[PDB]
Amino acid sequence: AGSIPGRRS
Amino acid sequence: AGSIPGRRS
Amino acid sequence: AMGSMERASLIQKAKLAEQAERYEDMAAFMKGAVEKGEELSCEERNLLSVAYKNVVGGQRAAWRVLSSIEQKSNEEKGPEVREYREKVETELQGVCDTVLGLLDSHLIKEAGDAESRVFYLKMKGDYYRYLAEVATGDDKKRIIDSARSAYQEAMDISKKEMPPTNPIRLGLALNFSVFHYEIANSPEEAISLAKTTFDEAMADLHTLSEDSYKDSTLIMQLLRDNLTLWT
Amino acid sequence: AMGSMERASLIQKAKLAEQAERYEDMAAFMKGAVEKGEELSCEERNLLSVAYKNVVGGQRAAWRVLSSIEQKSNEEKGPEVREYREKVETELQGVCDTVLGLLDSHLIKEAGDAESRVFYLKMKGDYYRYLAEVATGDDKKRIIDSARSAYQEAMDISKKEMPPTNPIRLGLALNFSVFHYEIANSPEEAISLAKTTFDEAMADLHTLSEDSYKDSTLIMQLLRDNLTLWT
Ligand SMILES: *Cc1ccc(S(=O)(=O)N2CCCc3cc(OC)ccc32)cc1
Ligand SMILES: *Cc1ccc(S(=O)(=O)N2CCCc3cc(OC)ccc32)cc1
Ligand SMILES: [Ca+2]
Ligand SMILES: [Ca+2]
Ligand SMILES: [Ca+2]
Ligand SMILES: [Ca+2]
Ligand SMILES: [Cl-]
Ligand SMILES: [Cl-]
């Protein structure tokens, strides 16, 4: 599903 | 302000 | 660069590139299609415009971010903000020059029907307007006048050859009114053009089918949105 | 290509490029910074990751659009959809190869602190995972194993050297769990890793400041969101 985003947002 | 968009949306 | 690909394949791939939100690719495919030398259909003119409008639109937004940072900087940050704004500005100018070159070689001269010729002259006005947004040097006045002249020729043809609800006529008037307000320092001309265009379209809506009515009213709302912002 | 620009200027311009949403530029500036040969700070590692994650993220989204169209096509549309999907796929593979090349020459070998080494091995796992998403040929199993091996080395270091709330440890576990679910066909391993990671982080939140708590809980929510999707 979702992986880590590049920034906190 | 706003100009015409490329598509209707 | 696209010289070895079939025209029909370039058009097909431009449509795929739009679906994939790959607008730089889309623009390169449409440049290759124009360079085949044949006239463009209505649908193909819209692919060309969508592609380059999105590419330059992203460059414009980036140039505005960088120009805002540069203006605030003017603690010494060194030359980097100015250098990078200049890099983005040169790229933007290069894309505008490419589009203007396609229009001049040879889309406009081969366009005889009012719908095609107005479409291309509206594009010409737009890409000189984008050049004017970043211009500061000896040619800034000449770039502004080049936009004005293209829009004016398109307006003259549109008023003679198209009804006041025609969506190309409406979009042209919208963009020329933005030119007046944002580039030419003529906000009263911008307001007057937007108002007259809106009112003359309103009075012709009764002639339209449901689908034409939808298109004309969509652009009328854009005129109204600008009038609300400007007044 | 960036060889003549100062390291500090490349870093500054990468930050500007992010603000302007010019992620291809950002990635080129950070490639130039890595190629100066010095180690990267925490902040600089995040600039490198943000830049390439956004570039490849856009390519992945475009490849998925095109692959969906191609699969539906398989009326004869001709070779264009496959050709264009292949073009986007080759570009994506080229960016992944570039990132992997930076990690191999020489970011990983010079990274001795657990935080830097885990960060880079997590990236290595990610870019082999992106290669695995598009792989079909003789090397597909080897590409999958290369991702697995990088993630596993990062996991082993993280469990020895970092607390269970460390955000790099958490993001690594998140991404390795995505690998298990989406690439390795191991949904039970994915669920188990996400659950154990979440629960061990929860039990260590009491040790954290408000700012560290915010970061750890943000990634825990991503673990929870995947667990909700998968169960
Ligand atoms: C400048 C201009 C180009 C194209 C048209 S259009 O009538 O072909 N059409 C296509 C895409 C843009 C657009 C937008 C609206 O409403 C916002 C309505 C119709 C179109 C019109 C003007
Ligand atoms: C893989 C990974 C990289 C960086 C971090 S971080 O703790 O430095 N940080 C920076 C940007 C991404 C991010 C996202 C969250 O929550 C979603 C929290 C902290 C960060 C962590 C993991
Ligand atoms: Ca000061
Ligand atoms: Ca003709
Ligand atoms: Ca059929
Ligand atoms: Ca070291
Ligand atoms: Cl620059
Ligand atoms: Cl192609």
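Only heavy atoms go into these numbers, but all of them, side chains included; no hydrogens, no water, no symmetry mates. All chains are named by letter (A, B, ...) in the order of the sequence lines, taking the proteins before the strands, and each is independently numbered beginning at 1.
- Contact annotation: the side chain of C:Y120 approaches that of C:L40 to within less than 4.5 Å [non-hydrogen atoms, C-beta and beyond].
- In this structure C:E38 satisfies the side-chain contact (heavy atoms from CB on, under 4.5 Å) test together with C:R7, sequence neighbours excluded.
- The two residues C:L170 and C:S216 come nearest to each other via the heavy atoms CD1-O, 3.7 Å.
- For the pair C:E70 and C:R82, the salt-bridge criterion is not met [side-chain N within less than 4.0 Å of a carboxylate O].
- Of the inter-residue distances, the one linking C:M5 atom CE with C:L10 atom CG reads 5.0 Å to the nearest 0.5 angstrom.
- Every residue two or more places apart in sequence or in another chain was checked for a side-chain hydrogen bond (donor to acceptor under 3.5 Å, both in side chains) with D:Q19, and none qualifies.
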inquiry  = If you apply the rule side-chain contact (heavy atoms from CB on, under 4.5 Å), what do you find for D:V99 with D:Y130, and how did you get there?
reply    = CA-CA 11 Å; D:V99 175; D:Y130 303 150; over 6 Å; no

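- Dense packing is recorded around CD of D:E83, with more than 12 heavy atoms of other residues, nucleotides or ligands lying under 6.0 Å away.
- Residues in residues 15-54 of chain C take part in these ring pair (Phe, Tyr, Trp, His ring centres under 6.0 Å) pairs, two or more places apart or across chains: C:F29-D:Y84.
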Check: residues 103-114 of chain C side-chain donor-acceptor pairs under 3.5 Å, at least two apart:
from   : atom 1 : to     : atom 2 : distance (Å)
C:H106 : ND1    : C:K109 : NZ     : 2.8
C:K109 : NZ     : C:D104 : O      : 2.9

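- Proximity of C:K87 to D:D25: side-chain heavy atoms (C-beta onward) are separated by under 4.5 Å at one or more points.
- In this model, a donor atom of one side chain and an acceptor atom of the other lie less than 3.5 Å apart for C:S67 and C:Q71.
- Across all non-hydrogen atoms, the minimal contact from C:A132 to C:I143 is N-CG2, 3.6 Å.
- By the 4.5 Å heavy-atom criterion applied to side chains, C:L121 and C:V118 are not counted as neighbours.
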query = Do C:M162 and C:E115 pass the side-chain contact (heavy atoms from CB on, under 4.5 Å) test, and can you show the C-alpha distance, the side-chain angles, and the key distance before you say yes or no?
reply = CA-CA 8 Å; C:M162 294 165 158; C:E115 53 197 327; 4.3 Å; yes

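- In this structure, the salt bridge (charged side-chain N to carboxylate O under 4.0 Å, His left out) partners of C:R148, at least two apart in sequence or on a different chain, are C:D145.
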ask   = For D:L102 and D:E35, what are the C-alpha separation, side-chain angles and deciding distance, and is it a side-chain contact (heavy atoms from CB on, under 4.5 Å)?
value = CA-CA 8 Å; D:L102 293 172; D:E35 289 172 347; 4.0 Å; yes

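- Two residues are said to be in side-chain contact when any heavy atoms from C-beta on lie closer than 4.5 Å; C:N166 and C:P163 meet this criterion.
- Here the side chain of C:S149 pairs no donor or acceptor atom with the backbone of C:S146 at under 3.5 angstrom.
- Annotation: the span from C:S158 atom OG to C:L172 atom CG amounts to 5.0 Å, rounded to 0.5 Å.
- C:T197 places a side-chain N or O within donor-acceptor distance of the main-chain N or O of C:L193, the cut-off being under 3.5 Å.
- Atom OG of A:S3 and atom CG of D:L222 lie 9.0 Å apart (nearest 0.5 Å).
- Remark: C:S41 engages C:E43, C:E44 in a side-chain contact (heavy atoms from CB on, under 4.5 Å) (not counting sequence neighbours).
- Every side-chain hydrogen bond (donor to acceptor under 3.5 Å, both in side chains) that D:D225 has, sequence neighbours left out, goes to D:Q221.
- Between C:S116 and C:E39, every side-chain heavy-atom pair lies at or beyond the 4.5 Å cut-off.
- Of the inter-residue distances, the one linking C:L92 atom CG with C:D97 atom CG reads 9.5 Å to the nearest 0.5 angstrom.
- Checked for salt-bridge contact, C:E18 and B:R7 meet the test: a charged N lies under 4.0 Å from a carboxylate O.
- Looking only at side-chain heavy atoms (C-beta outward), D:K124 and D:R129 stay at 4.5 Å or farther from each other.
- Checked against side-chain contact (heavy atoms from CB on, under 4.5 Å), B:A1 has the following partners two or more places apart in sequence or in another chain: C:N226, C:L229, C:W230.
- Contact of the D:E89 side chain with the D:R85 side chain is registered, since non-hydrogen atoms from C-beta on lie closer than 4.5 Å.
- Here the CG atom belonging to D:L48 is positioned 10.0 Å from the CZ atom belonging to D:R45, to the nearest 0.5 angstrom.
- A side-chain donor-acceptor contact under 3.5 Å links C:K36 to the backbone of C:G3.
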For residues 53-62 of chain D, run the donor-acceptor check on the side chains, cut-off 3.5 Å, and write out each pair with its distance to 0.1 Å, sequence neighbours left out.
from  : atom 1 : to     : atom 2 : distance (Å)
D:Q59 : NE2    : D:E91  : OE2    : 2.9
D:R60 : NE     : D:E133 : OE1    : 2.9
D:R60 : NH2    : D:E133 : OE2    : 2.9

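- Heavy atoms only, all atoms of each residue included: A:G2 and D:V178 are closest at O-CG2, 3.5 Å.
- Residues D:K13 and C:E80 are not paired through a salt bridge, judged by the lack of any N-O separation under 4.0 Å between the basic side chain and the carboxylate.
- Listed by first then second residue, pairs satisfying ring pair (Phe, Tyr, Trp, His ring centres under 6.0 Å) with a partner in residues 184-203 of chain C number zero, not counting sequence neighbours.
- No side-chain donor-acceptor contact under 3.5 Å links D:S68 to the backbone of D:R64.
- Taken from CD1 in D:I11 to CG in D:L16, the straight-line distance is 11.5 Å, to the nearest 0.5 Å.
- Here the closest heavy-atom approach between residue B:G6 and residue C:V50 is recorded as O-CG2, 3.2 Å.
- C:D126 has its side chain within reach of C:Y151: a pair of non-hydrogen atoms, C-beta onward, lies under 4.5 Å apart.
- Ionic pairing of C:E161 and C:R117 is not present here: no N-O contact between side-chain nitrogen and carboxylate oxygen is shorter than 4.0 angstrom.
- A pairwise comparison of heavy atoms in C:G171 and B:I4 identifies CA-CD1, 4.2 Å as the closest pair.
- Distance alone, capped at 3.5 Å, is enough to place a donor-acceptor pair between the C:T228 side chain and the C:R224 backbone.
- The two residues D:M30 and D:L47 have their closest heavy-atom pair at SD-CB, 3.8 Å.
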task = Would you please test C:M202 and C:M220 for side-chain contact (heavy atoms from CB on, under 4.5 Å) and show each step?
result = CA-CA 8 Å; C:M202 176 78 83; C:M220 291 169 67; 3.8 Å; yes

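- Residues passing the side-chain hydrogen bond (donor to acceptor under 3.5 Å, both in side chains) test with C:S49, sequence neighbours excluded: none.
- When the shell of 6.0 Å around CD of D:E182 is examined, it contains more than 12 heavy atoms from other residues, nucleotides or ligands.
- Legend: residues meeting side-chain contact (heavy atoms from CB on, under 4.5 Å) with C:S186, ordered by chain and number and at least two apart, are C:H180, C:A184, C:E189.
- Applying the 6.0 Å contact sphere to NZ of C:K195 captures no more than 12 heavy atoms from other residues, nucleotides or ligands.
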